[PDB]
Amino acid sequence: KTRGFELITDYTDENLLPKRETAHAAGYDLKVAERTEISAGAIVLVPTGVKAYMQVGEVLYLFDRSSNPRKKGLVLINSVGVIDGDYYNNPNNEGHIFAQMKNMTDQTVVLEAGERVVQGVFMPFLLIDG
């Protein structure tokens, strides 16, 4: 056991466990855990149904999917989700990963359960002196 995703206790659909679309893709595609509506101009935390574990010195970044803005009118409003290794299994929400999405359009957008919403990439990070 090194790094990866697990379903949080609140979800049991293994379809939500992220996979890479191609053999050399950097990103794991996280999915919408339950139907989620986003009103015009609103920001909504979209549940992903999963938590992520990793090694010390590793981080998981969540990036928007390319098609979100031009096809769905949605953007990851904080640009990049920074998921720390100690978020996993925290006592507050078990490390459940949410995507903070904003609807840029003037009509309500609905994300169906199972739709891919962000891509996650695991990477090393470095520490400052001392």
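Each residue number is its position in the shown sequence, starting from 1.
For the pair 118-126 and 105-113, the record assigns the higher mean C-alpha temperature factor to 105-113. Once the C-alpha B-factors are averaged per stretch, 36-44 and 94-102 rank with 36-44 first. Among all modelled residues in this chain, the alpha-carbon of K31 has a temperature factor (C-alpha) in the middle third. Among the modelled residues of its chain, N78 has a C-alpha B-factor that falls in the lowest third, as given in the PDB entry.
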